[PDB]
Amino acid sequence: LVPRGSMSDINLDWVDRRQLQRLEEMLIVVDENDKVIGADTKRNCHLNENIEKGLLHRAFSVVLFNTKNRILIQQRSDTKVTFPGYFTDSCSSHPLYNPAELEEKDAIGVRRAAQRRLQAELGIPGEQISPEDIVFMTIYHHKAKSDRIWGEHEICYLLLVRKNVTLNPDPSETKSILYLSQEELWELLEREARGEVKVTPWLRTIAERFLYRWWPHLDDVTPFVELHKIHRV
């Protein structure tokens, strides 16, 4: 049984109606080797009480760069269930349990989900970024807590896009956007480490493990693609 100190455990008063409705999306539950074992809701997949029992889902993170090699850093809206108000990567979300997004060859299901969410969150039309533009790079397995009740536990596909795009972001999803140079991203993380700014834990991981390596090479990142690999971070 899950102990409940009080009914404050069930509080989602900061979350808007749209984000509450999205808690019912059916996600792809996987094992530690990224094999599909079933479906479960966004709500269930992001409860620490379930994550601690091993519940794990497939997800993605996108790093989007313009042609001046600035990265798009989202600030999550204050209405997100997890990490509200935090600065983070360009787009994170999950493929859904449906035929189109379950498709595994060349990670097309995940890349379709990424297009879908770049459109939904940032208002980037499909004409500007299609799945062909979204490059599969590698996979990382991570766990984080947003608060005592909610958190993350993902086999997370790291995807890269380098394109100039237009934005019409959904304020339900996104509070603000920064386009940072590599130097400015390093500075953001230095400030995070002092306590100045809230940043999702996986952004530091992606930056220090991958982005600094890749940045001088954004014109062709194909050497850095890792198949048959899951980083445990």
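Start at 1 with the first residue shown and count on from there.
Remark: stretch with higher mean C-alpha B factor among 213 to 221 and 19 to 27 is 213 to 221.
Comparing 127 to 135 with 113 to 121, the higher mean C-alpha B-factor in the PDB entry belongs to 127 to 135. Ranking 180, 203, 64, 193 by the C-alpha B-factor listed in the PDB entry places 193 at the top. In this PDB entry, the Cα temperature factor of residue 166 sits in the middle third of its chain's modelled residues. Per the PDB record, residue ranking by Cα B-factor puts residue 104 in the highest third of the chain.
Per-chain ranking of the deposited C-alpha B factor places residue 198 in the middle third. Placement of the Cα temperature factor of residue 34 within the chain: middle third of the modelled residues, per the deposited record. Sort the modelled residues of the chain by CA B factor and residue 153 lands in the lowest third.
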